[PDB]
């Protein structure tokens, strides 16, 4: 026996995290075994009693792993034998580590996903609640990281909330396919003892049962799917982080993170580094790496079970802990950051209203092309005079288009600017208000 081979093959170091679900799966299997008459009533009692002790050992942190333990399945089996004797061996009857390992992982994932959902909905709720409070705040909207047009700060917050809501929906879709029992698939051909799979389903609380035994022990669709959901969520978080890091620069000055989510030097007490957001942004790569690895692991693999499949667990574990930490830090950052209403409003410039000046002519019937040419001229005329467009005289304006009336004065108002956007989904207050309502309802349906 080669020690390097043994260490490489062995999965106990990390798969012991599945200790509890593994016992849960065995208890369920033991009850079906009895029903199938493989075990006597008394034998069942003994088995279940022993399994409960083991759950407790792991639970209290007293379980002692042994050098011989290849995986969590062998470890639990070894300890039950130690606790109740020979009778423990009837438990693996008609059972394979192949369907046992995917049953364990799916039960762990269903529980993990339930937790991730709570944190994801909390992040969304936090953004939506903040959008509701700061709905009167206006700042520049950007394209190419250049000032485009005024937008409400809440529109920006809600843009991230909406995208995250789609991540929550995908999470639900992933959870559905994970909530399918694979136990009773045996090594690849199914269970040979006509085990009551419906009974196993009910006991382990799965929603339905796997359709084909070969597919059940061979596929890791649920792992890839979860990693795809995870990666896109991180993409969203990498973008929100990017936005917030830039807005927190001294140059932008739109906001400041709380002390808990930033770092800084006593020599420059006014400066705060957004470490929280940089950690979050870098995890998009950490999680994407996991998705890439499993995809490459599964590609070109022959049916059915192959040891290549063992690489699934460490990837799922890393991403579950990554998502759980990242979502809570994101929530914290969003709920505690402080905005500078003053600097956001200060960033609004008259130049950003030339588009609105053109729209003014459009609403009066001037064709789009000529309205844009007119505004461009007003902008040019102001520039030649060394003044801003909101300062041009009505006479100056008419020298370019008699269509400009004294009411053109209303164009140079940033509230009036964002208020143009009443069509559904836009930045006008009535629209932002509607979005908050839709999101509250969406979160409700998702939580449910």
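Numbering follows the first chain given and starts at 1.
Of the two segments, 203-211 and 232-240, the one listed with the higher mean B-factor is 203-211 (C-alpha atoms only). Stretches compared: 19-27, 429-437. Higher mean C-alpha B-factor in the entry: 19-27. The PDB entry gives the largest Cα B-factor of the residues 42, 413, 388, 420 to 42. Ranking 130, 176, 369, 152 by Cα temperature factor from the entry places 369 first. Looking at the C-alpha B-factors along this chain, the one for residue 360 belongs to the highest third. Per the deposited record, the Cα B-factor of residue 90 falls in the highest third when ranked against the other modelled residues of its chain. Among the modelled residues of the chain, residue 116 sits in the lowest third by CA temperature factor in this PDB entry.
For residue 323, the recorded CA B-factor ranks within the lowest third of the chain. Only modelled residues enter the ranking.
In this PDB entry, residue 339 carries a Cα temperature factor that places it within the middle third of its chain's modelled residues.
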